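Each of the two blocks below gives one form of the same protein chain as structure tokens; they are labelled structure 1 and structure 2.
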Structure 1
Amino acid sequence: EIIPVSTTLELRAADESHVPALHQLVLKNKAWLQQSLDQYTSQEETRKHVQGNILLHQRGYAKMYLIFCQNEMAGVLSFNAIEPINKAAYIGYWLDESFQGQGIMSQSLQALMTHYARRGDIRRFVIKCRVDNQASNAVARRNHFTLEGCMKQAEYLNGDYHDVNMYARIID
């Protein structure tokens, strides 16, 4: 399963075989990843999450895609949870540091939202991120999500509770 983005960009459904290269991306970006809700070791842990999401990807309450830029794995774009009757989904994402600042995540997100909206599966796209994560809040604001609120101490990470912004975008 491929979802086209541009002539250099595409979205690929996460595979078992992607794991060796994905875990390397995770290791390489660990300093950024451990500060974001999108969270914590071994390669088996990475394959666990991938196999876990393939199962959800099939049965329809999550999706896990990988951004490939000129046939190179650049990052991760997913629907964390999916509410099929509400037609809502929560978005998880991150990009490899060396790929930042090109509009890659933005083009990927817009393409993935567009794909799912015109098939009628999802119309409400939600982002939750730490108030203090500048990069995550930028992805939301940069992609025309509306800030719906601020959830006080909503998420535990690294020994403390964090305020979380909720953003949403409706595409009918």
Structure 2
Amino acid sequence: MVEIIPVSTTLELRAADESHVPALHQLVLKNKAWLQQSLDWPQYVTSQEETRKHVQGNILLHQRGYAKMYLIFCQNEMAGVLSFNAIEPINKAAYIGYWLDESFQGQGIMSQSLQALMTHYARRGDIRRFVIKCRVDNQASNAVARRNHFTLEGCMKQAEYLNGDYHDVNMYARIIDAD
């Protein structure tokens, strides 16, 4: 049941579906070592079948409006993932998560995809409050937030376990009302 959110001449967001699993799994394996530097989970990655269960879970949430999982394709090549880890329908708030294949960084691809996604959901009107939580020492992530006009709202002490230590987490938000 295909769903695309245009981003640019070379970029688009496609709702995750079963056919994306093999390529997404490979993409995770390919970037596993570098992602483990910023994220805890790449570690537990094992088989394509387990990755499938996870996507399958997100697809149900995506369909019920309780989360979203989009894959970023650059020139028809899978380049990364942009998601709402959770949506709070009544508060019209959503928490954002993302990562890019390492050789796709530095081209404003995440910023553009993010800008397109947020715009899409604010115009639909079902999400107006967008949140990014990211480790205080995640430089690239904090830069995405700033560049995309999120307001720092606070800092959560030792909120995130990563590589043997609990790290502080900046909390950013941006409110968009398509009046």
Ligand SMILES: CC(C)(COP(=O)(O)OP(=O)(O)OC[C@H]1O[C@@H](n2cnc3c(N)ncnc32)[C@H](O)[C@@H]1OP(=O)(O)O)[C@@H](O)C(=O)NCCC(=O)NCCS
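Please note that residue numbering is based on structure 1, beginning with 1 at the start of its sequence. Whichever C-alpha set is largest while still superposing within 1.5 Å between the two forms counts as the rigid core.
The chain appears twice here, and it is structure 1 that represents the form solved without this ligand. Remark: with the core as the superposition reference, the CA shift of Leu157 between the two structures reaches 2 Å or more. For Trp32, the Cα coordinates differ by 2 angstroms or more between the two structures after the core has been superposed. After superposing on the rigid core, the C-alpha of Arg47 is displaced by 1.3 Å between the two structures.
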